[PDB]
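Q: Sharing a structure with you now.
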Amino acid sequence: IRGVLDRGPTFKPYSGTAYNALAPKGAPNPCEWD
Amino acid sequence: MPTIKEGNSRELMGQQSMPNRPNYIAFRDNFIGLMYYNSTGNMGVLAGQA
Amino acid sequence: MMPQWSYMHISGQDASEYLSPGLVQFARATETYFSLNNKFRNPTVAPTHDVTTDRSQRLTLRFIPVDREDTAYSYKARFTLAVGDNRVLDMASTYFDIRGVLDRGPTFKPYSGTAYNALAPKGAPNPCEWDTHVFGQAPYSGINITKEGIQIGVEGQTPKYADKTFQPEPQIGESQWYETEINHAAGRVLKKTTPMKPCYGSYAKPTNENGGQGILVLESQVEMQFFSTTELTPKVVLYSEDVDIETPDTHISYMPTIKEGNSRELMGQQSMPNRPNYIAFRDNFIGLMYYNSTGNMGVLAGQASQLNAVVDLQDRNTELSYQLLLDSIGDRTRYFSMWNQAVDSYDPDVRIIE
Amino acid sequence: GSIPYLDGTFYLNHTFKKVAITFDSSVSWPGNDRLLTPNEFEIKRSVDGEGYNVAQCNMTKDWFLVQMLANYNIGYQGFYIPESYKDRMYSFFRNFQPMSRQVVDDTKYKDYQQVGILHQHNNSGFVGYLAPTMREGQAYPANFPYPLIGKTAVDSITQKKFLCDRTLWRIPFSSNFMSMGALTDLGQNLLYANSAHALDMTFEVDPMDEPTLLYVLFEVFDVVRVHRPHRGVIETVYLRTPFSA
Amino acid sequence: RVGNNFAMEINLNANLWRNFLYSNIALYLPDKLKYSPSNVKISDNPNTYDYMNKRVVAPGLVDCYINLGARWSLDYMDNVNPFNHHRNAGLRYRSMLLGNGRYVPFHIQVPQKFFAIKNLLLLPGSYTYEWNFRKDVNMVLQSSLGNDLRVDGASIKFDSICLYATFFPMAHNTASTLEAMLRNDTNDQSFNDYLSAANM
Amino acid sequence: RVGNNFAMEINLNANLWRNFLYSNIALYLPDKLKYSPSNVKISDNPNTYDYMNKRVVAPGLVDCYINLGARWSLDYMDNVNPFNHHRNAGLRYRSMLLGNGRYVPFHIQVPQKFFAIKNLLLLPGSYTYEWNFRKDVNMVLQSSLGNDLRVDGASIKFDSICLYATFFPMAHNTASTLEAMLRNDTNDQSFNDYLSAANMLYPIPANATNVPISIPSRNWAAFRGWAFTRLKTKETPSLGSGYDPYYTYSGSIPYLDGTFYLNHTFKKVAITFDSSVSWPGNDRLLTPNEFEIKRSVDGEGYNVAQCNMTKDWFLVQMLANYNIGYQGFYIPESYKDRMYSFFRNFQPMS
Amino acid sequence: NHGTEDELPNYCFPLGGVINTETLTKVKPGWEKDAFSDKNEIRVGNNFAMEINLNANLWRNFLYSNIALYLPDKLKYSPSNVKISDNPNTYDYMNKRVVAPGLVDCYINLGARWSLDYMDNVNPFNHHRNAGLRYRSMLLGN
Amino acid sequence: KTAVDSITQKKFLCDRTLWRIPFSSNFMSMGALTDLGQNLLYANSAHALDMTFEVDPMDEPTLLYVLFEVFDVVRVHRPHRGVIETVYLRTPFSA
């Protein structure tokens, strides 16, 4: 059988994050506000 | 989430991030469920054409 | 019955009997490169006579001691093992069922480390006081501070103050990471009458359903202590108290002074977890029963014979013999709780350092 | 998620209490005063009957014996670990996990105080409060949990239980519970061949706060004989007994 | 510098133990022990991933001092399906067998399991072989969290299906003789289902 | 912020390695390498837990740079009982089988191990079955530290003891017939102890190097051979007497459980019959007059397997355990190389 | 790469539990001073803490040590201001050539079971985790 | 490059096992009742035995545990109901 599958947006094959994993979980990005 | 209020403020600098829960999705062991079995409404067929 | 069973091969002959001789010959000759065996059923039928009894009969019998003698260092139990007529007993299916009470004592510690404040630096002290100086922390940020203590809110238009017995709670503090500058802070501290001990390993039983540990005498003895900056409303409020402080699984790894009593010196003492110490019955209950000891020899005799079939020598080693026997007839790495069958071993990486 | 019914990921076997089997609403099976508690199969007992348990958990001697015999024919000549090739992945022993622990006796320990997560503090000042968030609080002696060891160990009570996942409970229709052939001895008893019988079963289980299902497998013979008399012709005869279609 | 250097302390082993407990047991605890997060939008459907991902659970429920010194499964988890977990090696492997992405063009081989024909030796002739396949993602797909994939956007489409058969290149005189023998009723084939049971 | 952020550095992997070394090896080092803590009260009894728990040992004795790049057991630990350790999985499991608490109401099943009756098929009749059980905590209980449980408050009480027996529900005509057959002496049952040996213990004084033993003239027909090890007196309770007053140890008991660990301390063995005839003699071994177990540098030539064991001894042990030796040396088949076998436990080091 | 279980944050704290204490004076009730020393160290707020992702670090160190450094030489580059051998078959050369951690970082092919295309054709046995070779090496000594 | 002058040390460990010296002419196992065990030399007359073990010194009291491998057998007779008679024989080293 050949077909196409979309596991959807809830598919996450791993623990943790792929972005800035070493950054303290509360540290913000350089930002600005009023 | 420090404040419910929308928009960037000094308050939002104290928000914390957490990784989403892992969630593996795949076909089942031995492709269980793909084929119909034990269901009279969708019974398989193997018969001599003769 | 019979008809359908034979035809569907639920009973009857084996494939080697019901198949034609030609096919049977062919199957054997091709077995190695093309197998037909899994295509024909071979029935298995259990015998229907001369195996089990039709009569009423217990599978397991339980015997009570006819005589027992609990002595200084040993226990003796006598039973009348009765094997009924038309029955046989394989001794391997017998065993002594024992119920009692065990106290492993105070040196039993089934784990490494501590159960209390394991994340606290091993030298960090608990908020304390001595002679009078105070070393503490005020993590709770309240609305205002009056002679009533720290204000945790306002029920209607009236001010609601913290309940001395458990508030503020050491567990609570500011939520954001940046300093927002707290003007009315509160915290808990230990009176100088409570001995100083490192935070790590520190324990004190709670005296109220809300988690407070203040000692009762029966009323609470908590005493508020207000502090202001050296420069006149108080900025901090500390709820000092005495707690039944104990360190059940750790010991001091560094004693600064031999002198008794709380002092600034004791703030430099360090705590270390007690060594783990597992205590249990031995592998295969070795040692529980007497063997190879003429003074406490076992007994198995016909009441009609009176002669003891058991004859032991202190020259024999029954326990070891059984250890080696098991190794020869099975996988000694597997555990079986019934016989306390879990062999003694060690970590290979500990015995030989790589 | 996994579907135990189809894939075998069973995990609720520990919630069964006892099973009573009755033929023709009066005859108890196996009867014959075979089991320690003759009128039913008691899977586990709660303290009151410790004496009849084994393997250092809440399972009964009766049930341990039946399961060992049913799976490996082990029981009448001693209990021992079954051979690996017979103790497969979905077998009884391989998945049998007896367990014990102690906990404060809330009715005999004088200083007992019931404290919930809301008010327990251990590592206060170094951990977040009721969440996996930033540390907060202040250092302070922990007030939880109670010491179960040491000189000031608290009055305790013992709890025993067991787990037995990915396996099926078994009660073979065999006079001695042993496997002596696919077609059992009782299965060919004239008593069960010459006449029809009605069956009653009563299962007692641990309550669960959600809808569950009792999955019963009535072991039978599910056979087929295939005939191919001529080219392109396949004729089959299906027979399932007992419980014919 | 006069004196010892500046140092910060941390209990490595205690942390690692704790992270293991929270990740593998805490988060899988029954929903009744959890609570909704404040100031954060959370789905109303408890079968949703969003719901199972945002419900917060306190670390103190399964902290490093939980039942210290014991070999004990939490009473709360005894009745929780142990296989719906991210440490289910089998599921994890089948997941990675497809890839690490959401969009996947698959190609698989599916076996016949029906006992009456799975090991049958079929003789010469033409046969109609027909079967039905499911498209319901909650049946053909599996997740470690077990959320409702019908609601959570999982999707599947079957482009083509073929039937493959391999034949021993048997000598024709031998095949012919074997065929003659297997066509007599005395040599009829027979099979029984392994489970052999009526399921109620 | 101008520049990089504020950071602190730590070597994670080095720390974890170090903690492992200190916890599992350092703390278990011999007491002579330790020292008492200052300003802290410590017990006078070295068999005490308090003593073994407060004696301090320097991390630098087994630090992460210890014998770097080598597979080597510390010479200090070679003669230390390896089973009295918190990583002894078997002991740990039996400990958790009872619970995680100090106070434990137990319920256990104890097997009969005496060879003469353990597998006996008992016929109809009434028999008196009586046995004795020990109450000495140093014998019935086991600790990983091996401290004196008599002094350290361990306690045990036996409330009730029952005897259970299971009977195959054999057909009465069959049981009756089997009974008749088994009552004839021609069909008498017979068993032999698996170990099949007379056990002797000879004292080896501290620092003693030579151990001579002598068996007065006797009959040797049917003699099967010799087997031997070395035990520590402190770890071997005095048996025969119902209670050993000087037994202040609760660790593994090699003599009874098989946790032998001093086989590496044997140098050589000389066997002599009638004070003149050397056995096996016949110029069989490379060093014909004795069994040399190991050699020290001076005789490297006669060693093998890349360690100090001799070719002679390696050959004898391989033959004795697996009959391997006259037609090449190779790893024995797994089913013959059990847990208490020679090869499985042979660990050469350099 | 099934990621890292870093749900809970990891911190290190001051040796004394707290470090940014402020000097305060005891007070009694308006309020009047007290004399208790007039110099007491009390920290207001949470303690000083530093954060680190333990699990992510360990994963990363594993990747760099076992895969990164064994990557083909074409993906590496010579270090600046450091003397390095001309012979590529040299240990000095294989030891000083520098490789960027970002080539095999903890987010590499996340959620997949995949061998790097660069390493498929690299002899997998010439590695420090070759147990057989390691054992024969220690059999001779250290 | 600056490795220090070294010396090599070799040793071995062999836990949870027993050293063995079988009373067999070729040290091999050819049956429970060995060939030397049935040699007339050891059957027709009595002999005295001397053994000398040399061991590494230990700074504490130890014990040499010697197992003299023999036959430790029992024959059980049950002539009548409730009667058990046994015959024990251990050779060599009879009780």
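Q: Taking a quarter of the surface of the convex hull around the Cα atoms of the range C:260-354, what do you get in nm²? If you can, show how the numbers build up before the last one.
A: On the way: hull surface 58.0 nm².
In nm², the orientation-averaged hull projection of the range C:260-354 is 14.5.
Q: Around G:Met50, which amide H atoms from residues at least 5 apart in sequence, or from another chain, sit under 5 Å from its own amide H, with H modelled in the peptide plane?
A: Excluding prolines and chain starts, which carry no amide H, the hits are G:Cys12.
Q: For the residue pair C:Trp130 and C:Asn144, what label-to-label distance in nm results when each label sits 7 Å from Cα along the Cα-to-beta-carbon direction?
A: In this crude label model, C:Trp130 to C:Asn144 measures out at 3.9 nm.
Q: Please give the direction-averaged projected area of the C-alpha convex hull for chain D, in square nanometres with one decimal.
A: The Cα convex hull of chain D, projected and averaged over all directions, gives 23.5 nm².
Q: Mind checking E:165-171 for the average number of partner chain beta-carbons within 10 Å of each residue's beta-carbon?
A: Across E:165-171, the average partner-chain Cβ count within 10 Å equals 1.
Q: With point charges of +1 on the Cβ of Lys and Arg and -1 on the Cβ of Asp and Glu, referenced to the Cα centre of the range F:266-348, which listed residue (F:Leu319, F:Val269, F:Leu285) lies farthest in the positive direction of the dipole?
A: Sorting the options by dipole projection puts first F:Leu319.
Q: Separate question: How big, in percent, is the set of alpha carbon pairs in chain B lying more than 18 Å apart?
A: Of all Cα-Cα distances in chain B, 68 percent exceed 18 Å.
Q: Now a separate question. Give the calculated FRET efficiency between H:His80 and E:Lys113 to the nearest 0.05, with a Förster radius of 60 Å applied to their Cβ-Cβ distance.
A: Plugging the Cβ-Cβ distance into 1/(1 + (r/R0)^6) gives 0.45.
Q: Between the range F:293-350 and the range F:1-44, how many Å separate their Cα centres?
A: Using only Cα atoms, the two centres lie 39 Å from each other.
Q: Residue by residue through the range F:280-291, which ³J(HN,Hα) values in whole Hz follow from phi under the Karplus form 6.51 cos²θ - 1.76 cosθ + 1.60 (θ = phi - 60°), with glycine and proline marked x?
A: Karplus-based 3J(HN,Hα) across the range F:280-291 equals x, x, 6, 6, 6, 8, 4, 10, x, 8, 6, 9 Hz.
Q: Longest segment of chain D with no trypsin sites (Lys or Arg not before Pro) in a DSSP loop having at most 11 other Cβ atoms within 10 Å?
A: Counting only loop sites that pass the neighbour cut-off, the longest clear stretch is D:111-245.
Q: Another question, then. Using packing as a proxy for protection, rank F:38-44, E:25-31 so that the peptide with the highest average count of other Cβ atoms within 10 Å comes first. Please report the intermediate quantities before stating the final value.
A: Working: F:38-44: 11.7, E:25-31: 18.7.
Packing proxy ranking, top to bottom: E:25-31, F:38-44.
Q: Right, here's the next one. From a point 7 Å beyond the Cα of F:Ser43 in the direction of its Cβ, which residues of the range C:86-112 have a backbone N at a distance under 16 Å?
A: Answer for this model: C:104-110.
Q: Based on alpha-carbon centroids, what's the gap between the range D:175-245 and the range E:169-200 in Å, whole number please?
A: Cα centres, the range D:175-245 to the range E:169-200: 24 Å.
Q: Could you let me know the centre-to-centre spacing of the range C:292-354 and the range H:23-77, using Cα atoms, in angstrom?
A: That distance is 22 Å.
Q: Give, rounded to the nearest 20 debye, the magnitude of the charge dipole that chain H has about its Cα centre when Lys and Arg contribute +1 at Cβ and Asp and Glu contribute -1 at Cβ.
A: 540
Q: If eta is 0.692 mPa s and T is 37 °C, what Stokes-Einstein diffusion coefficient results for chain F, Kirkwood Rh from Cα pairs, in µm²/s?
A: The calculation lands on 126 µm²/s.
Q: Spin-label point model (7 Å from Cα, Cβ direction): what's the E:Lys32 to D:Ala196 distance in nm?
A: 4.4
Q: Work out from phi, with θ = phi - 60° and the Karplus expression 6.51 cos²θ - 1.76 cosθ + 1.60, the ³J(HN,Hα) of each residue of the range D:80-95, listed in order in whole Hz, and give x for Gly and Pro.
A: 7, 5, x, 5, 2, 5, 9, 9, 5, 5, 9, 7, 5, 3, 3, 9
Q: Set the bar at 30 Å for Cα to Cα. Now go through C:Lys109/D:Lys17; C:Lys192/G:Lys28; F:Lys32/F:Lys113; F:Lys32/F:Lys294; C:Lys109/D:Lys160; D:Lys108/D:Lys160 and name every pair that lies beyond it. Don't skip to the end; give the middle numbers.
A: Values: C:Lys109/D:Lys17 34 Å; C:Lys192/G:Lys28 19 Å; F:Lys32/F:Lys113 40 Å; F:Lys32/F:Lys294 28 Å; C:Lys109/D:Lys160 20 Å; D:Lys108/D:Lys160 19 Å.
Those over the limit are C:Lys109/D:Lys17; F:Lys32/F:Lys113.
Q: For the range C:1-39, which chymotrypsin sites (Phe, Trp or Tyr not before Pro) pass both filters: DSSP loop (anything but H, G, I, E, B) and at most 11 other C-beta atoms within 10 Å?
A: Sparse-neighbourhood loop chymotrypsin sites (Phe, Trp or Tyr not before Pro): C:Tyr33.
Q: What relative contact order, as a whole-number percentage, does the range D:115-245 give when Cα pairs under 8 Å and 6 or more residues apart are counted?
A: For the range D:115-245, the relative contact order is 10 percent.
Q: Viscosity 1.306 mPa s, temperature 10 °C: what is the translational diffusion coefficient of the protein assembly as shown from Stokes-Einstein with a Kirkwood Rh over Cα pairs, rounded to a whole number of µm²/s?
A: Diffusion coefficient, whole number: 42 µm²/s.
Q: So how far apart, in nm, are the two label points at F:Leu16 and D:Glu235 if each is 7 Å from Cα heading toward Cβ?
A: A separation of 7.0 nm, rounded to one decimal place.
Q: Here is a follow-up. Reachable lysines from G:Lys96, Cα under 24 Å, same-chain residues fewer than 8 places away excluded?
A: Cα-Cα hits under 24 Å: G:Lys74, G:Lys76, G:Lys83, H:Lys1.
Q: Turning to a different aspect of this structure: So which GluC sites (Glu not before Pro) in the range F:255-350 pass both tests, a DSSP loop state and at most 10 other Cβ atoms within 10 Å of the Cβ?
A: In loop regions of the range F:255-350 (DSSP not H, G, I, E or B), the sparsely surrounded GluC sites (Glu not before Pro) are F:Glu333.
Q: Can you tell me, using C-alpha contacts under 8 Å and at least 6 residues apart, the relative contact order of chain F as a whole percent?
A: 14
Q: I need two numbers for the range C:58-200: Rg to one decimal and Dmax as a whole number, Cα atoms only, in Å.
A: Computed over the Cα atoms of the range C:58-200, radius of gyration and Dmax are 31.8, 91 Å.
Q: Another question about this same structure. Mind putting a number on the dipole of the protein assembly as shown about its Cα centre? Charges go on the C-beta only, +1 for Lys and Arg and -1 for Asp and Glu, and I need it in Debye to the nearest 20. Walk me through the numbers on the way to the answer.
A: Values: 137 positive and 143 negative charges, 375 e Å.
So the magnitude is around 1800 debye.
Q: Apply the Karplus curve 6.51 cos²θ - 1.76 cosθ + 1.60, θ = phi - 60°, to the phi angles in the range C:23-33 and return the couplings in whole Hz, x for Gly and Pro.
A: For the range C:23-33, the Karplus-derived couplings read 4, 4, 5, 4, 4, 5, 5, 9, 2, 4, 10 Hz, x marking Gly and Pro.
Q: Please order C:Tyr73, F:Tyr302, F:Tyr340 by the number of other Cβ within 10 Å, starting at the fewest.
A: On the way: C:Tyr73 12, F:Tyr302 15, F:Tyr340 18.
Fewest-to-most ranking of C:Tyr73, F:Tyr302, F:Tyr340: C:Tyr73, F:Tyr302, F:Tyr340.
Q: I've got another one for you. Sum -39500 (n - 2.57) across every DSSP H segment of at least 4 residues in the protein assembly as shown, then divide by the residue count to get the 222 nm mean residue ellipticity, nearest 500.
A: -3500 deg cm²/dmol
Q: Could you name the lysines in cross-link range of A:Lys25, using Cα to Cα under 22 Å and dropping any fewer than eight places away on the same chain?
A: Reachable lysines: A:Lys12, B:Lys5, E:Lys34, E:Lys41, E:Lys54.
Q: Over all pairs of distinct alpha carbons, what does the Kirkwood formula give as the hydrodynamic radius of the range G:4-142, in Å?
A: 20.9
Q: Mind giving me the FRET efficiency for C:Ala304 and H:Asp59? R0 is 51 Å, r the Cβ-Cβ distance, nearest 0.05 is fine.
A: 0.30
Q: Where in the range E:129-164 are there chymotrypsin sites (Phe, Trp or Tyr not before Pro) that are in a DSSP coil and have at most 12 other Cβ atoms within 10 angstrom of their Cβ?
A: E:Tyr164
Q: Hey, which of these cross-link pairs are over 18 Å Cα-Cα: C:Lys122/C:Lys164; D:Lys161/F:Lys157; C:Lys197/C:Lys259?
A: On the way: C:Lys122/C:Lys164 29 Å; D:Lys161/F:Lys157 24 Å; C:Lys197/C:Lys259 15 Å.
As for pairs spanning more than 18 Å Cα to Cα, those are C:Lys122/C:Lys164; D:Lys161/F:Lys157.
Q: Which residues in the range C:266-288 have a backbone N closer than 20 Å to a point placed 7 Å from the Cα of G:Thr21 along the Cα-to-Cβ line?
A: Answer for this model: C:266-271.
Q: Amide H to amide H under 5 Å from C:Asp70: which residues, 5+ apart in sequence or cross-chain, H placed 1.01 Å off N in plane?
A: Amide H neighbours of C:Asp70: C:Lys76.
Q: Does chain C come out rounded, prolate or oblate, given a ≥ b ≥ c as the square roots of the eigenvalues of its C-alpha gyration tensor, rounded meaning a/c under 1.5 and, failing that, prolate meaning a/b above b/c?
A: Verdict is prolate for chain C.
Q: Taking the Cβ-Cβ separation of C:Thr257 and G:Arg129 as r and a Förster radius of 30 Å, what is the calculated FRET efficiency to the nearest 0.05?
A: Plugging the Cβ-Cβ distance into 1/(1 + (r/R0)^6) gives 0.05.
Q: Where Rh is the Kirkwood radius over the Cα pairs of the range G:5-69, the temperature 20 °C and the viscosity 1.002 mPa s, what D in µm²/s does Stokes-Einstein return?
A: 134
Q: Given an 8 Å cut-off on Cα distances and at least 6 residues of separation, report the relative contact order of chain E as a percent. Intermediate values should be presented prior to the final figure.
A: Working: 101 pairs, mean separation 42.1, N = 200.
Relative contact order, chain E: 21 percent.
For neighbour counting, all protein chains shown are included, and Cβ atoms are generated from backbone atoms with ideal geometry for every residue, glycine included. Where a number appears in this text, it was derived from the coordinates with a stated rule and is not lab data.
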